[PDB]
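Fold and contact review
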Amino acid sequence: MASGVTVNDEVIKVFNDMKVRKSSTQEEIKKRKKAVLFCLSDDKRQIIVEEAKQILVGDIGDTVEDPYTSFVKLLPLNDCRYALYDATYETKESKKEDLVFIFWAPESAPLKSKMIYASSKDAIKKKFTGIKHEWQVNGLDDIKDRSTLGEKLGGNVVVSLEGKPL
């Protein structure tokens, strides 16, 4: 109780996929699909990944400007959750990919649920090191625009950002 809620080690199972991703151009180009939904465990004391709606690189096609759009499209309306996105960017020198842990929690979400997430907020954050930076979100309108997420990394000069071209 005092320790609050923590995150299960089983998380590495899904996080490892994103962490050990191959070039998005050559190998991952086909498996570029990236999405993970975290939910509260039955005991309400453990954080695990549950089966949820995810999108594939192929699914992106041309109808979707940014992959993160899917998440903000079906994101929770009255609940808190975590979002995992592969930060991608391109520069005059070269392009690289990384991971960013996103904390999603609306002001209308349950406080009790929020408290549990807060407890594992640092647990999951510390559990992930492949990440470059952490981005917190709490606005549907603010998250609606992928520009904010991509801009999180900064560098508008980059040729590519979150899949959105310059």
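Residues numbered from 1 in each chain as written, not as in the entry; some residues may be left out. Heavy atoms only, no water.

Method-wise, the PDB entry is recorded as coming from solid-state NMR.

Digging into the pairing of strand β4 (residues 81-90)
Operational definition: Exposure classes here rest on a 1.4 Å probe applied to the protein chains alone. A residue is buried below 20% of its type maximum, exposed above 50%, and partly exposed in between. Secondary structure elements are defined from DSSP: runs of H or I of at least 4 residues count as helices, runs of E of at least 2 residues count as strands, and each element is numbered from the N terminus. Note on pairing: two strands pair once DSSP finds at least 2 bridges between them.
Among the ten residues in β4, eight count as buried, and that is most of the element. Here β4 hands over to strand β5 (residues 95-104) after four residues, the two strands then running antiparallel side by side.

Focus: the packing of aromatic side chains
Here is the rule we go by: Here the aromatic set is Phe, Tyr and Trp, taking the six-membered ring for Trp, and pairing holds for ring centres within 6.5 Å; pairs whose planes are under 30 degrees apart are stacked, those over 60 apart are edge-to-face, and all others are tilted. Consider the ring centre and the ring normal. A charge sits over the ring if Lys NZ or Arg CZ is within 6 Å of that centre and within 35 degrees of that normal.
Applying the stated criterion across every chain, the model contains seven aromatic pairs. Look at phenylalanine 15 and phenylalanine 128: their rings are 3.6 Å apart centre to centre, the planes differ by 5 degrees, and that puts the pair in the stacked class. Of the two residues, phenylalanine 15 is situated in helix α1 (residues 12-19) and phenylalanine 128 in the loop between α5 (111-127) and β6 (131-137); the sequence distance between them amounts to 113 residues. Accessibility classification places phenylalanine 15 together with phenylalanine 128 in one group, the buried group. The rings of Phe15, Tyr82, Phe101, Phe103, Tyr117 and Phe128 are connected pair by pair, giving a single aromatic cluster. The positively charged end of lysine 121 is found above the aromatic ring belonging to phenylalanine 103, 3.8 Å away from the centroid.

So, the UniProt feature "domain: ADF-H" in the protein
To keep things clear, this is the line we draw: UniProt positions are given in the numbering used here, feature names are shortened, and annotations may be inferred rather than shown by experiment.
The feature "domain: ADF-H", as given by UniProt, occupies residues 4-153 in the numbering adopted here. The distance from the first to the last C-alpha atom of residues 4-153 is 31 Å, and the span holds 35% helix and 24% strand.

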